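J.: File protein34.txt below, compact mmCIF, N, CA and C atoms:
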# COMPACT_ATOMS: atom_id res chain seq x y z
N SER D 1856 0.90 -1.21 0.00
CA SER D 1856 0.00 0.00 0.00
C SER D 1856 0.91 1.23 0.00
N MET D 1857 0.34 2.42 0.19
CA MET D 1857 1.12 3.68 0.27
C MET D 1857 2.32 3.66 1.24
N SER D 1858 3.55 3.78 0.66
CA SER D 1858 4.83 3.73 1.44
C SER D 1858 5.13 2.29 2.07
N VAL D 1859 4.51 1.28 1.53
CA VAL D 1859 4.66 -0.15 1.99
C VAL D 1859 4.81 -1.05 0.79
N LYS D 1860 6.07 -1.44 0.52
CA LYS D 1860 6.40 -2.25 -0.67
C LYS D 1860 7.09 -3.53 -0.34
N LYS D 1861 6.68 -4.63 -0.98
CA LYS D 1861 7.44 -5.90 -1.02
C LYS D 1861 8.80 -5.66 -1.62
N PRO D 1862 9.80 -6.47 -1.25
CA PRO D 1862 11.15 -6.33 -1.82
C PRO D 1862 11.20 -6.39 -3.38
N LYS D 1863 12.06 -5.55 -4.00
CA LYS D 1863 12.11 -5.41 -5.50
C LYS D 1863 12.81 -6.62 -6.22
N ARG D 1864 12.02 -7.61 -6.68
CA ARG D 1864 12.43 -8.57 -7.79
C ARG D 1864 13.16 -7.91 -9.00
N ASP D 1865 14.37 -8.39 -9.30
CA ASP D 1865 15.24 -7.75 -10.31
C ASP D 1865 14.68 -8.13 -11.69
N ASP D 1866 14.16 -7.14 -12.38
CA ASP D 1866 13.56 -7.33 -13.74
C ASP D 1866 14.42 -6.79 -14.89
N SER D 1867 15.66 -6.39 -14.59
CA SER D 1867 16.51 -5.67 -15.58
C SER D 1867 17.03 -6.55 -16.76
N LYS D 1868 17.03 -7.85 -16.55
CA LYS D 1868 17.33 -8.86 -17.57
C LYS D 1868 16.11 -9.46 -18.32
N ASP D 1869 14.91 -9.01 -17.97
CA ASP D 1869 13.69 -9.70 -18.49
C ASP D 1869 13.63 -9.56 -20.04
N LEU D 1870 13.91 -8.37 -20.57
CA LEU D 1870 13.87 -8.12 -22.05
C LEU D 1870 14.79 -9.06 -22.82
N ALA D 1871 16.04 -9.17 -22.39
CA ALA D 1871 16.97 -10.10 -22.93
C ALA D 1871 16.60 -11.54 -22.81
N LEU D 1872 16.11 -11.93 -21.66
CA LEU D 1872 15.73 -13.30 -21.50
C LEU D 1872 14.43 -13.67 -22.36
N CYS D 1873 13.46 -12.77 -22.39
CA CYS D 1873 12.27 -13.05 -23.29
C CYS D 1873 12.71 -13.19 -24.79
N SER D 1874 13.63 -12.30 -25.22
CA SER D 1874 14.24 -12.37 -26.58
C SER D 1874 14.90 -13.74 -26.86
N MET D 1875 15.62 -14.29 -25.88
CA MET D 1875 16.23 -15.60 -26.00
C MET D 1875 15.23 -16.71 -26.09
N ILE D 1876 14.22 -16.70 -25.21
CA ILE D 1876 13.16 -17.67 -25.31
C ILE D 1876 12.47 -17.63 -26.74
N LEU D 1877 12.19 -16.43 -27.21
CA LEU D 1877 11.46 -16.20 -28.47
C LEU D 1877 12.36 -16.78 -29.60
N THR D 1878 13.70 -16.58 -29.50
CA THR D 1878 14.66 -17.10 -30.54
C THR D 1878 14.57 -18.63 -30.60
N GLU D 1879 14.44 -19.29 -29.45
CA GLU D 1879 14.41 -20.71 -29.34
C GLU D 1879 13.06 -21.25 -29.92
N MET D 1880 11.99 -20.50 -29.70
CA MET D 1880 10.68 -20.87 -30.24
C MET D 1880 10.75 -20.70 -31.80
N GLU D 1881 11.32 -19.59 -32.29
CA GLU D 1881 11.48 -19.29 -33.72
C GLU D 1881 12.26 -20.39 -34.49
N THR D 1882 13.21 -21.03 -33.83
CA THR D 1882 14.10 -22.00 -34.46
C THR D 1882 13.68 -23.48 -34.24
N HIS D 1883 12.64 -23.75 -33.48
CA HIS D 1883 12.09 -25.07 -33.30
C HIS D 1883 11.52 -25.57 -34.64
N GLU D 1884 11.73 -26.85 -34.92
CA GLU D 1884 11.24 -27.38 -36.19
C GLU D 1884 9.70 -27.35 -36.38
N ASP D 1885 8.93 -27.33 -35.31
CA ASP D 1885 7.52 -27.25 -35.37
C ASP D 1885 6.95 -25.78 -35.31
N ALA D 1886 7.79 -24.80 -35.45
CA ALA D 1886 7.36 -23.40 -35.37
C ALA D 1886 6.62 -22.96 -36.66
N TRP D 1887 6.80 -23.72 -37.77
CA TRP D 1887 6.31 -23.24 -39.10
C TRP D 1887 4.86 -22.73 -39.18
N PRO D 1888 3.88 -23.28 -38.41
CA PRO D 1888 2.52 -22.68 -38.50
C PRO D 1888 2.36 -21.30 -37.90
N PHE D 1889 3.41 -20.89 -37.13
CA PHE D 1889 3.34 -19.74 -36.15
C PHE D 1889 4.30 -18.62 -36.52
N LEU D 1890 5.14 -18.79 -37.54
CA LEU D 1890 6.20 -17.79 -37.85
C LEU D 1890 5.67 -16.43 -38.35
N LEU D 1891 4.56 -16.47 -39.07
CA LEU D 1891 3.97 -15.32 -39.77
C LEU D 1891 2.49 -15.25 -39.47
N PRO D 1892 1.86 -14.07 -39.60
CA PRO D 1892 0.43 -13.99 -39.43
C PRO D 1892 -0.37 -14.84 -40.43
N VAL D 1893 -1.44 -15.44 -39.95
CA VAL D 1893 -2.35 -16.21 -40.81
C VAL D 1893 -2.89 -15.24 -41.85
N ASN D 1894 -2.90 -15.69 -43.13
CA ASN D 1894 -3.35 -14.78 -44.23
C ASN D 1894 -4.90 -14.71 -44.19
N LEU D 1895 -5.43 -13.59 -43.71
CA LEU D 1895 -6.87 -13.41 -43.54
C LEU D 1895 -7.66 -13.34 -44.84
N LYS D 1896 -6.98 -13.05 -45.95
CA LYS D 1896 -7.60 -13.12 -47.28
C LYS D 1896 -7.74 -14.54 -47.77
N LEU D 1897 -6.80 -15.42 -47.43
CA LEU D 1897 -6.75 -16.74 -48.02
C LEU D 1897 -7.22 -17.84 -47.14
N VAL D 1898 -7.60 -17.58 -45.88
CA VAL D 1898 -7.98 -18.70 -44.96
C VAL D 1898 -9.36 -18.42 -44.51
N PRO D 1899 -10.34 -19.05 -45.21
CA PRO D 1899 -11.74 -18.83 -44.79
C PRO D 1899 -12.02 -19.12 -43.32
N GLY D 1900 -12.84 -18.28 -42.72
CA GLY D 1900 -13.27 -18.42 -41.33
C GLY D 1900 -12.40 -17.72 -40.30
N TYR D 1901 -11.11 -17.51 -40.66
CA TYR D 1901 -10.13 -17.06 -39.61
C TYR D 1901 -10.43 -15.71 -39.04
N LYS D 1902 -10.73 -14.79 -39.95
CA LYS D 1902 -10.99 -13.43 -39.55
C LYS D 1902 -12.16 -13.29 -38.58
N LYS D 1903 -13.26 -13.97 -38.90
CA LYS D 1903 -14.45 -13.91 -38.03
C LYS D 1903 -14.32 -14.66 -36.72
N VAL D 1904 -13.66 -15.81 -36.76
CA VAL D 1904 -13.59 -16.65 -35.60
C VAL D 1904 -12.54 -16.22 -34.57
N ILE D 1905 -11.36 -15.80 -35.03
CA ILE D 1905 -10.18 -15.58 -34.12
C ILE D 1905 -10.09 -14.09 -33.87
N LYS D 1906 -10.61 -13.71 -32.72
CA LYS D 1906 -10.82 -12.28 -32.47
C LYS D 1906 -9.48 -11.52 -32.32
N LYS D 1907 -8.45 -12.21 -31.80
CA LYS D 1907 -7.17 -11.59 -31.64
C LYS D 1907 -6.01 -12.44 -32.23
N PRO D 1908 -5.74 -12.28 -33.51
CA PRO D 1908 -4.64 -13.09 -34.16
C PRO D 1908 -3.29 -12.71 -33.56
N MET D 1909 -2.42 -13.72 -33.44
CA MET D 1909 -1.05 -13.47 -32.91
C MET D 1909 -0.13 -14.51 -33.53
N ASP D 1910 1.12 -14.13 -33.74
CA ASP D 1910 2.15 -15.00 -34.35
C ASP D 1910 3.54 -14.55 -33.81
N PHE D 1911 4.58 -15.38 -34.02
CA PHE D 1911 5.91 -15.08 -33.53
C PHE D 1911 6.50 -13.82 -34.11
N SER D 1912 6.31 -13.57 -35.41
CA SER D 1912 6.86 -12.32 -36.02
C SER D 1912 6.28 -11.01 -35.44
N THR D 1913 4.99 -11.02 -35.09
CA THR D 1913 4.31 -9.93 -34.46
C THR D 1913 4.79 -9.76 -33.02
N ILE D 1914 4.97 -10.88 -32.32
CA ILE D 1914 5.55 -10.77 -30.95
C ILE D 1914 6.95 -10.20 -31.02
N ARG D 1915 7.75 -10.66 -32.00
CA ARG D 1915 9.13 -10.17 -32.15
C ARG D 1915 9.15 -8.64 -32.39
N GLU D 1916 8.28 -8.13 -33.23
CA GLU D 1916 8.22 -6.69 -33.49
C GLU D 1916 7.75 -5.89 -32.22
N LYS D 1917 6.74 -6.39 -31.52
CA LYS D 1917 6.28 -5.76 -30.30
C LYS D 1917 7.43 -5.74 -29.26
N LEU D 1918 8.15 -6.85 -29.13
CA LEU D 1918 9.28 -6.95 -28.18
C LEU D 1918 10.37 -5.90 -28.48
N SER D 1919 10.81 -5.89 -29.73
CA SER D 1919 11.81 -4.98 -30.23
C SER D 1919 11.43 -3.50 -30.16
N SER D 1920 10.20 -3.10 -29.94
CA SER D 1920 9.76 -1.70 -30.05
C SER D 1920 9.12 -1.22 -28.74
N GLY D 1921 9.38 -1.96 -27.62
CA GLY D 1921 8.87 -1.53 -26.30
C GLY D 1921 7.45 -1.55 -26.08
N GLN D 1922 6.75 -2.49 -26.78
CA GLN D 1922 5.34 -2.61 -26.62
C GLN D 1922 4.85 -3.67 -25.56
N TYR D 1923 5.78 -4.40 -24.96
CA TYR D 1923 5.47 -5.15 -23.71
C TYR D 1923 5.89 -4.40 -22.39
N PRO D 1924 4.89 -4.04 -21.58
CA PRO D 1924 5.23 -3.39 -20.30
C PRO D 1924 5.91 -4.28 -19.31
N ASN D 1925 5.65 -5.60 -19.32
CA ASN D 1925 6.35 -6.46 -18.39
C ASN D 1925 6.37 -7.90 -18.95
N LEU D 1926 7.11 -8.78 -18.27
CA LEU D 1926 7.27 -10.15 -18.80
C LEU D 1926 5.89 -10.91 -18.87
N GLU D 1927 4.88 -10.57 -18.05
CA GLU D 1927 3.62 -11.28 -18.10
C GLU D 1927 2.80 -10.96 -19.37
N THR D 1928 2.90 -9.71 -19.84
CA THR D 1928 2.18 -9.36 -21.06
C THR D 1928 2.83 -10.10 -22.24
N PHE D 1929 4.12 -10.37 -22.18
CA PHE D 1929 4.83 -11.15 -23.22
C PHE D 1929 4.30 -12.60 -23.21
N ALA D 1930 4.19 -13.20 -22.02
CA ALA D 1930 3.71 -14.64 -21.92
C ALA D 1930 2.25 -14.75 -22.42
N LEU D 1931 1.44 -13.73 -22.14
CA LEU D 1931 0.05 -13.72 -22.59
C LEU D 1931 -0.07 -13.82 -24.14
N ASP D 1932 0.74 -13.05 -24.84
CA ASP D 1932 0.78 -13.12 -26.32
C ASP D 1932 1.31 -14.45 -26.83
N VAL D 1933 2.34 -15.05 -26.19
CA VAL D 1933 2.83 -16.34 -26.63
C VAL D 1933 1.66 -17.36 -26.45
N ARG D 1934 1.01 -17.36 -25.27
CA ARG D 1934 -0.10 -18.33 -24.97
C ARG D 1934 -1.27 -18.11 -25.98
N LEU D 1935 -1.57 -16.85 -26.33
CA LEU D 1935 -2.56 -16.53 -27.34
C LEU D 1935 -2.31 -17.25 -28.65
N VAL D 1936 -1.03 -17.34 -29.09
CA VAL D 1936 -0.70 -18.04 -30.32
C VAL D 1936 -1.24 -19.51 -30.23
N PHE D 1937 -1.01 -20.14 -29.08
CA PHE D 1937 -1.41 -21.54 -28.95
C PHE D 1937 -2.87 -21.79 -28.68
N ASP D 1938 -3.51 -20.87 -27.99
CA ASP D 1938 -4.96 -20.85 -27.79
C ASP D 1938 -5.74 -20.62 -29.06
N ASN D 1939 -5.26 -19.71 -29.89
CA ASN D 1939 -5.83 -19.55 -31.25
C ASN D 1939 -5.71 -20.82 -32.07
N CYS D 1940 -4.53 -21.43 -32.03
CA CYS D 1940 -4.28 -22.66 -32.81
C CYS D 1940 -5.27 -23.78 -32.40
N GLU D 1941 -5.47 -23.95 -31.09
CA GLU D 1941 -6.39 -25.00 -30.59
C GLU D 1941 -7.86 -24.67 -30.93
N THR D 1942 -8.21 -23.38 -30.99
CA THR D 1942 -9.54 -22.93 -31.42
C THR D 1942 -9.88 -23.33 -32.90
N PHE D 1943 -8.92 -23.23 -33.79
CA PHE D 1943 -9.10 -23.43 -35.22
C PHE D 1943 -8.66 -24.76 -35.81
N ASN D 1944 -7.88 -25.56 -35.06
CA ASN D 1944 -7.25 -26.74 -35.66
C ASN D 1944 -7.63 -27.99 -34.81
N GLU D 1945 -7.95 -29.07 -35.51
CA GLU D 1945 -8.16 -30.34 -34.81
C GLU D 1945 -6.85 -30.77 -34.10
N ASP D 1946 -6.98 -31.32 -32.89
CA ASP D 1946 -5.82 -31.96 -32.17
C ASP D 1946 -5.02 -32.99 -33.05
N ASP D 1947 -5.73 -33.82 -33.81
CA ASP D 1947 -5.15 -34.82 -34.70
C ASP D 1947 -4.94 -34.26 -36.12
N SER D 1948 -4.12 -33.22 -36.21
CA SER D 1948 -3.70 -32.62 -37.48
C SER D 1948 -2.26 -32.25 -37.28
N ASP D 1949 -1.52 -31.99 -38.33
CA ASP D 1949 -0.13 -31.63 -38.16
C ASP D 1949 -0.01 -30.28 -37.38
N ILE D 1950 -0.86 -29.33 -37.73
CA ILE D 1950 -0.83 -28.01 -37.06
C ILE D 1950 -1.28 -28.10 -35.61
N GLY D 1951 -2.32 -28.90 -35.34
CA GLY D 1951 -2.87 -29.08 -33.98
C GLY D 1951 -1.75 -29.66 -33.08
N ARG D 1952 -1.05 -30.69 -33.56
CA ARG D 1952 0.02 -31.33 -32.82
C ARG D 1952 1.20 -30.38 -32.64
N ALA D 1953 1.51 -29.58 -33.67
CA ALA D 1953 2.61 -28.59 -33.60
C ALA D 1953 2.32 -27.66 -32.43
N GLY D 1954 1.07 -27.20 -32.36
CA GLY D 1954 0.67 -26.26 -31.27
C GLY D 1954 0.81 -26.78 -29.86
N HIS D 1955 0.36 -28.02 -29.66
CA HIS D 1955 0.60 -28.67 -28.37
C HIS D 1955 2.04 -28.80 -28.05
N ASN D 1956 2.91 -29.27 -29.01
CA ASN D 1956 4.34 -29.42 -28.80
C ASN D 1956 5.00 -28.09 -28.41
N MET D 1957 4.65 -27.03 -29.16
CA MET D 1957 5.21 -25.71 -28.88
C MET D 1957 4.83 -25.10 -27.52
N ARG D 1958 3.59 -25.29 -27.13
CA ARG D 1958 3.11 -24.80 -25.85
C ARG D 1958 3.90 -25.48 -24.71
N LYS D 1959 4.01 -26.82 -24.79
CA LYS D 1959 4.94 -27.54 -23.88
C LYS D 1959 6.37 -27.06 -23.79
N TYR D 1960 7.04 -26.84 -24.94
CA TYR D 1960 8.34 -26.35 -25.05
C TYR D 1960 8.42 -24.97 -24.36
N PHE D 1961 7.46 -24.08 -24.71
CA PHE D 1961 7.46 -22.71 -24.10
C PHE D 1961 7.35 -22.75 -22.55
N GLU D 1962 6.41 -23.54 -22.04
CA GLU D 1962 6.07 -23.50 -20.65
C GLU D 1962 7.23 -24.02 -19.78
N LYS D 1963 7.98 -25.00 -20.31
CA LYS D 1963 9.21 -25.42 -19.62
C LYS D 1963 10.29 -24.33 -19.60
N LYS D 1964 10.53 -23.66 -20.73
CA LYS D 1964 11.54 -22.61 -20.76
C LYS D 1964 11.15 -21.47 -19.85
N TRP D 1965 9.86 -21.23 -19.71
CA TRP D 1965 9.35 -20.11 -18.92
C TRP D 1965 9.61 -20.36 -17.41
N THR D 1966 9.18 -21.52 -16.94
CA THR D 1966 9.47 -22.03 -15.59
C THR D 1966 10.94 -22.09 -15.26
N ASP D 1967 11.74 -22.69 -16.14
CA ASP D 1967 13.16 -22.77 -15.89
C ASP D 1967 13.89 -21.44 -15.89
N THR D 1968 13.43 -20.45 -16.67
CA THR D 1968 14.11 -19.17 -16.73
C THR D 1968 13.72 -18.22 -15.56
N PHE D 1969 12.47 -18.28 -15.10
CA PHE D 1969 11.86 -17.25 -14.25
C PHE D 1969 11.25 -17.76 -12.91
N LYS D 1970 11.07 -19.07 -12.71
CA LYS D 1970 10.36 -19.62 -11.53
C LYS D 1970 11.26 -20.56 -10.69
I need this file expressed as structure tokens, please.
T.:
Amino acid sequence: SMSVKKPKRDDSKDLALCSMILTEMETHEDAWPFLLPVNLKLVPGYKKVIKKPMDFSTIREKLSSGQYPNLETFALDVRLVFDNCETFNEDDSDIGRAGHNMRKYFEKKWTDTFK
């Protein structure tokens, strides 16, 4: 409360560490469905159904331009990529399976880096 603060968790490395995690996600062999924004002209249904599209290239640009206020807003966008994927793709499809694999990979790196 006013003039009463918990001890300051060091966040000065968070930008660098999120950049490293994002590089590892970008270079995973199953990243291909997620590298670029879904083409809203060419993929019927996507525009209407997926209210907030997100992809790795868009996260990379937001990261590089100071558009994440803290490390939690960065994790929210990464999770959005996988939540969108599960909304639009069957579990038993190459893309559906890619999404599950990537979400697993991310969540381990997140825990190991920050928790």
J.: How many Å separate atom CA of residue D:1911 from atom CA of residue D:1890?
T.: 5.1 Å
J.: Tell me, which residues of chain D carry DSSP helix (DSSP H, G or I), written as JSON, numbers by chain?
T.: {"D": [1869, 1870, 1871, 1872, 1873, 1874, 1875, 1876, 1877, 1878, 1879, 1880, 1881, 1882, 1901, 1902, 1903, 1904, 1911, 1912, 1913, 1914, 1915, 1916, 1917, 1918, 1919, 1926, 1927, 1928, 1929, 1930, 1931, 1932, 1933, 1934, 1935, 1936, 1937, 1938, 1939, 1940, 1941, 1942, 1943, 1949, 1950, 1951, 1952, 1953, 1954, 1955, 1956, 1957, 1958, 1959, 1960, 1961, 1962, 1963, 1964, 1965, 1966, 1967, 1968, 1969]}
J.: For a test of reading the model, state the distance in Å between atom CA of residue D:1866 and atom CA of residue D:1970, rounded to one decimal.
T.: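 Separating atom CA of residue D:1866 from atom CA of residue D:1970 is a distance of 12.9 Å.
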J.: Between atom N of residue D:1896 and atom C of residue D:1944, what is the spacing in Å?
T.: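 We find that atom C of residue D:1944 and atom N of residue D:1896 lie 18.6 Å from each other.
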J.: Excluding residue D:1954 and its own-chain neighbours fewer than 2 positions away, which residues fall within 8 Å of it when counting only C-alpha atoms? Please give them as a PyMOL selection string.
T.: chain D and resi 1937+1940-1941+1950-1952+1956-1958
J.: Which is closest to residue D:1914 among D:1947, D:1880, D:1965, D:1888, if we use only C-alpha atoms?
T.: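 Ranking D:1947, D:1880, D:1965, D:1888 by distance to residue D:1914, first place goes to D:1880.
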J.: Emit as JSON the padded axis-aligned box for all listed atoms of stretch 1960-1966 of chain D, 6 Å per side, with centre and edge lengths in Å to one decimal.
T.:
{"center_x": 8.8, "center_y": -23.5, "center_z": -20.2, "size_x": 17.5, "size_y": 18.7, "size_z": 21.8}
J.: Nearest residue to residue D:1877 out of D:1904, D:1962, D:1915, D:1967, using all atoms listed in the file?
T.: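 Using all atoms listed in the file, residue D:1877 sits closest to D:1915.
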J.: Should you be able to, write stretch 1900-1927 of chain D of this structure into a file that contains N, CA, C and O atoms, as a PDB file, in the first residue's frame.
T.:
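Now in part.pdb:
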ATOM      1  N   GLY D1900     -12.835 -18.281 -42.717  1.00  0.00           N
ATOM      2  CA  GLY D1900     -13.269 -18.424 -41.335  1.00  0.00           C
ATOM      3  C   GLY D1900     -12.399 -17.720 -40.305  1.00  0.00           C
ATOM      4  O   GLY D1900     -12.870 -17.346 -39.220  1.00  0.00           O
ATOM      5  N   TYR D1901     -11.112 -17.508 -40.663  1.00  0.00           N
ATOM      6  CA  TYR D1901     -10.133 -17.060 -39.607  1.00  0.00           C
ATOM      7  C   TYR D1901     -10.430 -15.714 -39.039  1.00  0.00           C
ATOM      8  O   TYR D1901     -10.448 -15.520 -37.775  1.00  0.00           O
ATOM      9  N   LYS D1902     -10.730 -14.791 -39.951  1.00  0.00           N
ATOM     10  CA  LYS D1902     -10.990 -13.428 -39.554  1.00  0.00           C
ATOM     11  C   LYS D1902     -12.158 -13.291 -38.577  1.00  0.00           C
ATOM     12  O   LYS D1902     -12.059 -12.637 -37.540  1.00  0.00           O
ATOM     13  N   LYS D1903     -13.260 -13.967 -38.904  1.00  0.00           N
ATOM     14  CA  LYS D1903     -14.447 -13.910 -38.034  1.00  0.00           C
ATOM     15  C   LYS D1903     -14.323 -14.656 -36.723  1.00  0.00           C
ATOM     16  O   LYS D1903     -14.830 -14.251 -35.662  1.00  0.00           O
ATOM     17  N   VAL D1904     -13.660 -15.807 -36.760  1.00  0.00           N
ATOM     18  CA  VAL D1904     -13.589 -16.649 -35.600  1.00  0.00           C
ATOM     19  C   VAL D1904     -12.540 -16.225 -34.566  1.00  0.00           C
ATOM     20  O   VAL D1904     -12.818 -16.328 -33.350  1.00  0.00           O
ATOM     21  N   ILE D1905     -11.362 -15.798 -35.035  1.00  0.00           N
ATOM     22  CA  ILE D1905     -10.176 -15.575 -34.116  1.00  0.00           C
ATOM     23  C   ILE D1905     -10.093 -14.090 -33.866  1.00  0.00           C
ATOM     24  O   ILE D1905      -9.712 -13.342 -34.753  1.00  0.00           O
ATOM     25  N   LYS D1906     -10.609 -13.707 -32.719  1.00  0.00           N
ATOM     26  CA  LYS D1906     -10.824 -12.283 -32.470  1.00  0.00           C
ATOM     27  C   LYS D1906      -9.481 -11.521 -32.324  1.00  0.00           C
ATOM     28  O   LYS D1906      -9.390 -10.307 -32.700  1.00  0.00           O
ATOM     29  N   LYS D1907      -8.447 -12.214 -31.803  1.00  0.00           N
ATOM     30  CA  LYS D1907      -7.166 -11.592 -31.642  1.00  0.00           C
ATOM     31  C   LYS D1907      -6.011 -12.437 -32.231  1.00  0.00           C
ATOM     32  O   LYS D1907      -5.390 -13.231 -31.503  1.00  0.00           O
ATOM     33  N   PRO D1908      -5.738 -12.281 -33.506  1.00  0.00           N
ATOM     34  CA  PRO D1908      -4.643 -13.088 -34.163  1.00  0.00           C
ATOM     35  C   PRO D1908      -3.291 -12.710 -33.556  1.00  0.00           C
ATOM     36  O   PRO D1908      -3.073 -11.536 -33.154  1.00  0.00           O
ATOM     37  N   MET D1909      -2.418 -13.717 -33.437  1.00  0.00           N
ATOM     38  CA  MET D1909      -1.054 -13.475 -32.908  1.00  0.00           C
ATOM     39  C   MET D1909      -0.132 -14.513 -33.535  1.00  0.00           C
ATOM     40  O   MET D1909      -0.596 -15.656 -33.843  1.00  0.00           O
ATOM     41  N   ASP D1910       1.115 -14.129 -33.741  1.00  0.00           N
ATOM     42  CA  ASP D1910       2.154 -14.996 -34.350  1.00  0.00           C
ATOM     43  C   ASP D1910       3.538 -14.553 -33.809  1.00  0.00           C
ATOM     44  O   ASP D1910       3.696 -13.428 -33.308  1.00  0.00           O
ATOM     45  N   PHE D1911       4.576 -15.378 -34.022  1.00  0.00           N
ATOM     46  CA  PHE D1911       5.911 -15.085 -33.528  1.00  0.00           C
ATOM     47  C   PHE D1911       6.499 -13.824 -34.106  1.00  0.00           C
ATOM     48  O   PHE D1911       7.144 -13.061 -33.350  1.00  0.00           O
ATOM     49  N   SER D1912       6.310 -13.569 -35.414  1.00  0.00           N
ATOM     50  CA  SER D1912       6.858 -12.321 -36.020  1.00  0.00           C
ATOM     51  C   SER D1912       6.275 -11.007 -35.443  1.00  0.00           C
ATOM     52  O   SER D1912       7.034  -9.993 -35.251  1.00  0.00           O
ATOM     53  N   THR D1913       4.994 -11.024 -35.086  1.00  0.00           N
ATOM     54  CA  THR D1913       4.307  -9.931 -34.465  1.00  0.00           C
ATOM     55  C   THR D1913       4.791  -9.758 -33.020  1.00  0.00           C
ATOM     56  O   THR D1913       5.102  -8.617 -32.543  1.00  0.00           O
ATOM     57  N   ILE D1914       4.968 -10.876 -32.323  1.00  0.00           N
ATOM     58  CA  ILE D1914       5.548 -10.771 -30.952  1.00  0.00           C
ATOM     59  C   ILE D1914       6.949 -10.202 -31.016  1.00  0.00           C
ATOM     60  O   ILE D1914       7.355  -9.353 -30.150  1.00  0.00           O
ATOM     61  N   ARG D1915       7.751 -10.658 -32.003  1.00  0.00           N
ATOM     62  CA  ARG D1915       9.129 -10.172 -32.147  1.00  0.00           C
ATOM     63  C   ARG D1915       9.154  -8.635 -32.392  1.00  0.00           C
ATOM     64  O   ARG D1915       9.959  -7.883 -31.726  1.00  0.00           O
ATOM     65  N   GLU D1916       8.282  -8.134 -33.232  1.00  0.00           N
ATOM     66  CA  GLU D1916       8.225  -6.687 -33.485  1.00  0.00           C
ATOM     67  C   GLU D1916       7.753  -5.886 -32.223  1.00  0.00           C
ATOM     68  O   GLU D1916       8.252  -4.774 -31.903  1.00  0.00           O
ATOM     69  N   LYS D1917       6.743  -6.394 -31.515  1.00  0.00           N
ATOM     70  CA  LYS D1917       6.283  -5.761 -30.298  1.00  0.00           C
ATOM     71  C   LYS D1917       7.434  -5.742 -29.263  1.00  0.00           C
ATOM     72  O   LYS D1917       7.623  -4.721 -28.489  1.00  0.00           O
ATOM     73  N   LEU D1918       8.146  -6.847 -29.135  1.00  0.00           N
ATOM     74  CA  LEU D1918       9.276  -6.952 -28.183  1.00  0.00           C
ATOM     75  C   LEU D1918      10.374  -5.905 -28.478  1.00  0.00           C
ATOM     76  O   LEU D1918      10.746  -5.118 -27.620  1.00  0.00           O
ATOM     77  N   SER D1919      10.807  -5.893 -29.730  1.00  0.00           N
ATOM     78  CA  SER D1919      11.812  -4.983 -30.226  1.00  0.00           C
ATOM     79  C   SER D1919      11.429  -3.500 -30.163  1.00  0.00           C
ATOM     80  O   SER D1919      12.357  -2.647 -30.365  1.00  0.00           O
ATOM     81  N   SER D1920      10.201  -3.101 -29.943  1.00  0.00           N
ATOM     82  CA  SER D1920       9.756  -1.703 -30.046  1.00  0.00           C
ATOM     83  C   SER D1920       9.120  -1.222 -28.738  1.00  0.00           C
ATOM     84  O   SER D1920       8.345  -0.294 -28.700  1.00  0.00           O
ATOM     85  N   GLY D1921       9.380  -1.958 -27.624  1.00  0.00           N
ATOM     86  CA  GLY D1921       8.867  -1.533 -26.299  1.00  0.00           C
ATOM     87  C   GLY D1921       7.448  -1.552 -26.076  1.00  0.00           C
ATOM     88  O   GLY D1921       6.890  -0.833 -25.265  1.00  0.00           O
ATOM     89  N   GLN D1922       6.755  -2.491 -26.778  1.00  0.00           N
ATOM     90  CA  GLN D1922       5.335  -2.614 -26.616  1.00  0.00           C
ATOM     91  C   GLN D1922       4.848  -3.669 -25.556  1.00  0.00           C
ATOM     92  O   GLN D1922       3.639  -3.759 -25.270  1.00  0.00           O
ATOM     93  N   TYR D1923       5.776  -4.400 -24.964  1.00  0.00           N
ATOM     94  CA  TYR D1923       5.466  -5.153 -23.711  1.00  0.00           C
ATOM     95  C   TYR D1923       5.891  -4.403 -22.392  1.00  0.00           C
ATOM     96  O   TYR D1923       7.113  -4.231 -22.153  1.00  0.00           O
ATOM     97  N   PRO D1924       4.894  -4.040 -21.578  1.00  0.00           N
ATOM     98  CA  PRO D1924       5.227  -3.390 -20.296  1.00  0.00           C
ATOM     99  C   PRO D1924       5.905  -4.277 -19.309  1.00  0.00           C
ATOM    100  O   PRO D1924       6.677  -3.760 -18.504  1.00  0.00           O
ATOM    101  N   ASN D1925       5.655  -5.605 -19.320  1.00  0.00           N
ATOM    102  CA  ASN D1925       6.346  -6.455 -18.392  1.00  0.00           C
ATOM    103  C   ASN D1925       6.373  -7.897 -18.949  1.00  0.00           C
ATOM    104  O   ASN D1925       5.792  -8.174 -20.051  1.00  0.00           O
ATOM    105  N   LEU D1926       7.110  -8.781 -18.269  1.00  0.00           N
ATOM    106  CA  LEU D1926       7.274 -10.151 -18.805  1.00  0.00           C
ATOM    107  C   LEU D1926       5.892 -10.909 -18.868  1.00  0.00           C
ATOM    108  O   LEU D1926       5.740 -11.821 -19.732  1.00  0.00           O
ATOM    109  N   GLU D1927       4.881 -10.570 -18.048  1.00  0.00           N
ATOM    110  CA  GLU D1927       3.618 -11.277 -18.100  1.00  0.00           C
ATOM    111  C   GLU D1927       2.797 -10.956 -19.366  1.00  0.00           C
ATOM    112  O   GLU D1927       2.109 -11.837 -19.899  1.00  0.00           O
TER     113      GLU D1927
END
